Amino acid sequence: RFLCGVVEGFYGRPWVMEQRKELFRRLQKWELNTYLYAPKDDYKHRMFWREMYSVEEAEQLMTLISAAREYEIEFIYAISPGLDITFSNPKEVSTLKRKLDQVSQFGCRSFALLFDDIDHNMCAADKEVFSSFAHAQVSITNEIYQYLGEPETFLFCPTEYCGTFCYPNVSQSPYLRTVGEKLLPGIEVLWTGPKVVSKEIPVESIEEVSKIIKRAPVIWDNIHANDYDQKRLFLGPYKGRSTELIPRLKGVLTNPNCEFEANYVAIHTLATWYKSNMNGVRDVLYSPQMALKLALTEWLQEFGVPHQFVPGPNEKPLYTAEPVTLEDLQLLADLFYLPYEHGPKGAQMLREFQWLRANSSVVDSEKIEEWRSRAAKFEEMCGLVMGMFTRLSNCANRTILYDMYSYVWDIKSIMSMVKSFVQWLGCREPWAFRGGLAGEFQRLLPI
């Protein structure tokens, strides 16, 4: 029994009910099976976790939860009291129990408590009662689990949720030792890998942590998350996780880009990864590059779908004529690929620009003929980025357009300027302030 799907677990503008219904639809089509409701800034999830849902809010959650059952996706409600709960106050524990009973009235059978992103300092009352921060968390968690009748799937996200957050390391952490010994066996534990955004999750890192917490964990995967950097989007393939992991894990829930429509590849490729080795034996039949092409070829068909004049010989041609192509989306993904890696064409544009700039002073037959055609070849590629933008700009599926618009505009702006610089090397409005104030502070730090 493997939990595989999406966690809406990011900071900023949560997804709306229409979009979450559409997610369940896509999860089912791709044979994924789980959704974890945990938007950091949906106010009643974390900030105002004590407040009960209003009647209007209750109706919308009921409809959402029925939608999940309709598409055979497990709905897990998570809640995050960590910032200001007094763990030892029964009033407080009761308020929590009320909130979770209210949601089970909506049709929800599966739950989670999250203690990611808080500090370890308890108040004085909690210090007296509980001998450590883990002892307090495991107390209310085991209690809530029992009060709800020991539900089939109940998740706990630790404060020390990855390799680099474990004090002083994973195998000797007093926080995790306590979680493994005292947290009841039928509660599953969330884990993001060796780091918060793990480039790779080695099998041996999972064996390690699996010993100290005493279960196979469920992975909260931040590979395609983009809440942490305004300028970033991730359209590259699920990567850096061996299919070998699957028999050593309880699940994988990916926390993907904030912009709903940009997660076609992120979720599609996760599904191809899961489906490739669904139930193994306790080294890959999964190719990230092949998975990316499957995903983009399918995504392409969404762009011509909402969510005569044919000019003469002498006349100005339709600006809309040409539709988005597979090569356009292949280019876009390489430009906005993965947290620790650009895609081939992106890496390659950067390498040619680095070369062209460093060998500029040349402007000798040998070196000129090289620089001139290399530069013309680079203008042509910068041309391909403009062409991509323009064809996206005209596509019928405006919903997708709007989710990406600001990223596609940014990359074509920069390539358009970079093209101008290379044209200016061959010939011998707000921009000084670029990135605003934040940009100026960033330029004064060791990059």
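A residue's number is simply how far along the shown sequence it sits, counting from 1. In this text, the rigid core denotes the largest set of C-alpha atoms whose superposition between the two forms falls within 1.5 Å.
Root-mean-square C-alpha deviation from the shown form, taken over all structures in 5 other deposited structures of this protein superposed by the rigid core, is larger for 367 to 375 than for the alternative among 127 to 135 and 367 to 375. Larger root-mean-square CA separation from the shown form, computed after a rigid core fit of the structures in 5 other deposited structures of this protein, is seen for 354 to 362 when 218 to 226 is set against 354 to 362. Judged by the one-third criterion across other entries of this protein, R428, though modelled here, is missing from at least a third of those that model both its neighbours. Notably, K275 is never a gap: all other compared entries of this protein, restricted to those modelling both its neighbours, have coordinates for it, so the one-third criterion is not met.
In the deposited sequence, the stretch from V196 to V197 has no residues without coordinates, so the chain runs on without a break. In terms of unmodelled positions of the deposited sequence, the stretch from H307 to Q308 in this entry skips 10 or more residues. In this crystal structure, the stretch out of 272 to 280 and 146 to 154 whose C-alpha atoms carry the higher mean B factor is 272 to 280. Mean C-alpha B-factor is higher over 120 to 128 than over the other stretch, the pair under comparison being 120 to 128 and 70 to 78. Listed residues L233, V170, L331, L253 were ranked by CA B-factor as deposited; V170 comes out on top. Highest CA B-factor among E204, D221, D229, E341, as stated in the entry: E204. Compared with the other modelled residues of the chain, the Cα B-factor recorded for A58 ranks in the lowest third. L392: CA B factor in the lowest third of modelled residues in this chain (values from the PDB entry). When the modelled residues of the chain are ordered by C-alpha B-factor, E92 sits in the middle third. The entry lists a Cα temperature factor for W371 that places it in the highest third of the chain's modelled residues. Looking at the C-alpha B-factors along this chain, the one for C4 belongs to the middle third.
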